[PDB]
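S.K.: This one's experimental. Sequence and coordinates below.
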Amino acid sequence: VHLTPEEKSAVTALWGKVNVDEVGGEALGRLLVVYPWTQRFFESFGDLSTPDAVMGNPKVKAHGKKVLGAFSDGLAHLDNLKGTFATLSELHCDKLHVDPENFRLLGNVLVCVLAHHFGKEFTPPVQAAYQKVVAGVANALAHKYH
Amino acid sequence: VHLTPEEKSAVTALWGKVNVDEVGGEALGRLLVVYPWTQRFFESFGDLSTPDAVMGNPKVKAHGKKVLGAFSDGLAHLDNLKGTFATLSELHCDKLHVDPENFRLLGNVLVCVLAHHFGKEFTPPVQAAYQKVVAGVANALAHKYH
Amino acid sequence: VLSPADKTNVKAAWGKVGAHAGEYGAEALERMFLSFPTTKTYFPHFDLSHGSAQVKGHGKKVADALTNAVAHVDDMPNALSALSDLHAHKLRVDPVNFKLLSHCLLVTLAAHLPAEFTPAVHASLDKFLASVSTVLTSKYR
Amino acid sequence: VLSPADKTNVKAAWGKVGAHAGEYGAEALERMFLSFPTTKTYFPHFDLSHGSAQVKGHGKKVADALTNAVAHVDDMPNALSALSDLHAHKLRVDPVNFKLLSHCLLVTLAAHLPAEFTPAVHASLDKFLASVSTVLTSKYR
Ligand code: HEM
Ligand code: HEM
Ligand code: HEM
Ligand code: HEM
């Protein structure tokens, strides 16, 4: 995607402060709470029946960390998100059967989580930059669907 | 975009049968009838109070013709819609203030119109090809928004 | 909200659809899978080739539910209650996909009902399919 | 459909907003104009620069309508009737944009209520903004 260098540096700076494991578990958990139909993909995971059960579920935390880890790795290749995520794009289509609309929902939940975590540091311009990135990542992950 | 040659030849072939002026009038008027908030740009145009008034309004027919003629000319440059529509994109953002969601609404009404006009010749594969074209045009017209 | 005139329009058009309802239901599904491939992620267990019995069968089921809602247009919440529970608790289709199937059903109707698909009826049918979509997504959260 | 728990969650959260409601409404608009630039097409007559009185003023109106919606959460359609007329017949904002402002409001609340913005509260607020959005677009067609 195309970021101005001041958007790029906004995204980079904030991300050096993110505990990926913790933010990842939060983001995934919140997705499954706020948009519960997304639980469709995780019935192997245990008890997802109340907010407290989802947030404390260890398989949610583990997977949350896996997903934001791969997400991290794409921040390192912001100039070619499609090529970075082609393999995972094909996996989520052909093996996992995940509607790419779910990528958009998680992008927006992640922005919520960053705002909740960083408070007033997550200013409108920083949000704008992150919104372009998560749209980019969602797009990159949906690119090999057929 | 990216159409296969079979897809390109299917779009081209049906379009050769289109009366651009009539389809233009029909699609713009049905836009304004099915999604009445699109009427917001057009109060210079007179009586828009009923379906019949809209479909019969000569200003609406003239605008439709002008919009679809640009569309038609774009079908010759499917390899580069963004370049073809770059100035019109600028114009629709900076001067006309048209929310690009209207382009998507128009593209879906255009598809319904072709289906009504062509009946069974508008097959599923041909619809699919036109969906790609109409999303590509909408994208191209939205590309220079800021 | 569907106005009474909308209800008259939907009844009249669907009346014409009559006995083709299931064939039209299958065609709208096939239109959807080709135009919007992401929707195929909800049918990985179907043979989605053209004319498959699974698609024809599902087309008929879709069409009967629509027929039930036109019959009970004044009471669609109660009429579709079973189907809203099924989509909210079991199938869990993201709401965005209801818009895509609605578009393809409108396209199918337009292609088959040249005389009845007027601007006003198009408007009424789009609004009807939006209400069905809203009732089927009602209980999602 | 807002459960009693959702209502409790929303009155609590909006309660802690209290007097900053106006300031948060302006921030939510600013967030929306920078993150989703297509939304600026509805405000060609405003100065959208950071700190603009026009945005602050509009933010205060948005916020006060939400405050009114929270007070009347069991009877939102009537409380917001004139604003649904306004958006439907005069402003004519495309319904997609409601979702964009609603996300920006959630972001703003997240950024200012570190402790109140629990997962459960987040879910109830998102349902509540969706319900407001539905009422405000009720009369569009
Ligand atoms: C930010 C976007 C996302 C990225 C970077 C991402 C990345 C990944 C990676 C790294 C794996 C492991 C694959 C392997 O083991 O070979 C995975 C698996 C998976 N993801 Fe995604 N993912 C994303 C979003 C989502 C969303 C939103 C959903 C659905 C709500 C989802 C559903 C799944 C499921 C079902 C698995 C399989 C887990 C298992 O084996 O049980 N992912 N993803
Ligand atoms: C296929 C999609 C579209 C294309 C190709 C298109 C193309 C055009 C063209 C060629 C013009 C004339 C530009 C000039 O004056 O130099 C124009 C003007 C305009 N268009 Fe678009 N347009 C499209 C969609 C829309 C939609 C959906 C709306 C709003 C509902 C819209 C609203 C306008 C307005 C209000 C003007 C000004 C008309 C005038 O001043 O007489 N356009 N467009
Ligand atoms: C106009 C809205 C729709 C109607 C009226 C509708 C109606 C139905 C009905 C009648 C069933 C059969 C339930 C039974 O066996 O008792 C069903 C099943 C199902 N629907 Fe929906 N549907 C709609 C939209 C969608 C959409 C948008 C999708 C996904 C893109 C979808 C995916 C499914 C799936 C996966 C099943 C299960 C089929 C199977 O396992 O055989 N539906 N629907
Ligand atoms: C939570 C959803 C929203 C609420 C509660 C809301 C509320 C309001 C209120 C109270 C007014 C002032 C009415 C008056 O002058 O008496 C207004 C005006 C307006 N709204 Fe909405 N609105 C919402 C969403 C939106 C969205 C999403 C857009 C566009 C992206 C929008 C665009 C406008 C515009 C253009 C005006 C006129 C501003 C002016 O000229 O002063 N509104 N809104």
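M.R.: Yes, it's here. Residues are numbered from 1 along each chain as shown, chains lettered A, B, ... in the order given. Ligands and ions are numbered 1, 2, ... in the order given.
S.K.: Helices along chain C, start to end?
M.R.: Secondary structure of chain C (DSSP state H): helices located at C:4-17, C:21-35, C:53-71, C:76-79, C:81-86, C:96-112, C:119-136.
S.K.: count of residues packed around the residue nearest to residue C:64 when sequence neighbours are not counted?
M.R.: Nearest residue to residue C:64, sequence neighbours excluded (C-beta to C-beta, 6 or more residues apart in numbering or on different chains): residue C:21, at 7.1 Å. The way it works is simple: take the backbone N, C-alpha and C, and place the C-beta from them, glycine included. Residues near residue C:21, counting by other C-beta atoms under 10 Å in any protein chain shown, number 17.
S.K.: Contacts only, for residue C:21.
M.R.: Counting by C-beta atoms under 8 Å, 6 or more residues apart in numbering or on different chains, residue C:21 touches C:14, C:60, C:63-64, C:66-67.
S.K.: so residue A:49, which of the three states?
M.R.: Applying DSSP: H, G, I helix; E, B strand; the rest coil to residue A:49 yields a three-state assignment of coil.
S.K.: so how far is chain D from it?
M.R.: Using C-beta to the nearest C-beta, to the nearest Å, one gets 13 Å for the distance from residue A:49 to chain D.
S.K.: how many neighbours does that residue have?
M.R.: Residue A:49: 10 surrounding residues under other C-beta under 10 Å.
S.K.: sorry, back to before: out of the contacts of residue C:21, which is nearest to residue B:135?
M.R.: Nearest to residue B:135 among those: residue C:66, at 26.5 Å, using C-beta to C-beta.
S.K.: that older thread, of the contacts of residue C:21, buried ones?
M.R.: Taking 16 or more other C-beta atoms under 10 Å in any protein chain shown as the criterion, what is buried in those is C:14, C:60, C:63, C:66-67.
S.K.: Of these, which pair is most distant in space?
M.R.: C:14 and C:60 (14.7 Å).
S.K.: residues contacting residue C:37?
M.R.: Shown in contact with residue C:37 (C-beta under 8 Å, 6+ apart): A:145-146.
S.K.: ugh, typo on my part, it should be residue A:97
M.R.: Residues near residue A:97 by C-beta under 8 Å, 6+ apart: C:41-42, C:44.
S.K.: Excluding sequence neighbours, find me the nearest residue to residue C:88.
M.R.: If the residues on either side of it in the chain are set aside, residue C:88 comes closest to residue C:139, at 3.9 Å by C-beta to C-beta, 6+ apart.
S.K.: That neighbour against residue C:84, yeah?
M.R.: Yes - contact criterion C-beta atoms under 8 Å: residue C:139 and residue C:84 qualify, at 5.1 Å.
S.K.: Tell me which of these two has more neighbours.
M.R.: For residue C:139 and residue C:84, the more surrounded residue by other C-beta under 10 Å is residue C:84, and the numbers stand at 20 against 14.
S.K.: what's the helix or strand harbouring residue A:6 packed up against?
M.R.: Following DSSP states H and E, one finds residue A:6 within helix A:5-15. Counting by 3 or more C-beta pairs under 8 Å, 6 or more residues apart in numbering or on different chains; DSSP states H and E, the packing neighbours recorded for helix A:5-15 are helix A:58-75, helix A:124-142.
S.K.: Dump the shortest one to PDB, keeping only the CA atoms.
M.R.: Included here for helix A:58-75 are C-alpha records, laid out as PDB according to Å, rounded to 0.1, in the frame of the first residue of the first chain:
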ATOM      1  CA  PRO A  58      -6.100 -20.300  26.000                       C
ATOM      2  CA  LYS A  59      -6.600 -21.500  22.400                       C
ATOM      3  CA  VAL A  60      -8.000 -18.000  21.600                       C
ATOM      4  CA  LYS A  61      -4.900 -16.400  23.100                       C
ATOM      5  CA  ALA A  62      -2.600 -18.800  21.200                       C
ATOM      6  CA  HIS A  63      -4.200 -18.300  17.900                       C
ATOM      7  CA  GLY A  64      -4.500 -14.600  18.500                       C
ATOM      8  CA  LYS A  65      -0.700 -14.500  18.800                       C
ATOM      9  CA  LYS A  66      -0.200 -16.600  15.700                       C
ATOM     10  CA  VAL A  67      -2.300 -14.200  13.600                       C
ATOM     11  CA  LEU A  68      -0.800 -11.000  14.800                       C
ATOM     12  CA  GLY A  69       2.700 -12.500  14.400                       C
ATOM     13  CA  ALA A  70       2.000 -13.000  10.700                       C
ATOM     14  CA  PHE A  71       0.400  -9.500  10.700                       C
ATOM     15  CA  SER A  72       3.700  -8.200  12.200                       C
ATOM     16  CA  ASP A  73       5.700  -9.800   9.500                       C
ATOM     17  CA  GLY A  74       3.600  -7.900   6.900                       C
ATOM     18  CA  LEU A  75       4.400  -4.500   8.400                       C
END
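S.K.: Tell me what angle that helix forms with helix A:124-142.
M.R.: Relative orientation of helix A:58-75 versus helix A:124-142 (axes from the mean of the first three to the mean of the last three C-alpha atoms, to 10 degrees): 100 degrees.
S.K.: elements contacting whichever helix or strand comes after helix A:58-75?
M.R.: For helix A:58-75, the following helix or strand on the C-terminal side (DSSP H and E) is helix A:81-90. Helix A:81-90 sits against helix A:58-75, helix A:124-142, with contacts defined as 3+ C-beta pairs under 8 Å, 6+ apart.
S.K.: tell me which residues of helix A:81-90 are tucked away?
M.R.: A:81, A:84-85, A:88-89.
S.K.: Check the offset of it from the chain's centre.
M.R.: Centroid separation for helix A:81-90 versus its chain: 15 Å, with C-alpha atoms, centre = their mean, to the nearest Å.
S.K.: residues contacting the nearest residue to residue A:74 once chain neighbours are set aside?
M.R.: Distances taken as C-beta to C-beta, 6+ apart place residue A:84 nearest to residue A:74, at 5.1 Å, with adjacent residues excluded. By C-beta under 8 Å, 6+ apart, the contact list for residue A:84 reads A:73-74, A:77, A:140.
S.K.: and the residue of chain A nearest ligand 3?
M.R.: Residue nearest to ligand 3 within chain A (C-beta to the nearest ligand atom): residue A:99, separated by 8.2 Å.
S.K.: Could you report the distance from that residue to residue C:39?
M.R.: Distance from residue A:99 to residue C:39, counting by C-beta to C-beta, to the nearest Å: 8 Å.
S.K.: more crowded one of those two?
M.R.: Neighbours per residue (other C-beta under 10 Å) separate residue A:99 from residue C:39, with residue A:99 holding more: 26 against 20.
S.K.: for the buried ones among the contacts of residue C:21, which one is nearest ligand 1?
M.R.: So of the buried ones among the contacts of residue C:21, ranked by how close each gets to ligand 1 (C-beta to the nearest ligand atom), first place is residue C:66, at 29.4 Å.
S.K.: thinking again about what came up before, wait, which of the buried residues of helix A:81-90 is closest to chain B?
M.R.: Set against chain B, the nearest of the buried residues of helix A:81-90 by C-beta to the nearest C-beta is residue A:89 (15.8 Å).
S.K.: Once you drop chain neighbours, what's closest to the closest one?
M.R.: Computed as C-beta to C-beta, 6+ apart, the closest residue to residue A:89 that is not its neighbour in sequence is residue A:144, at 3.8 Å.
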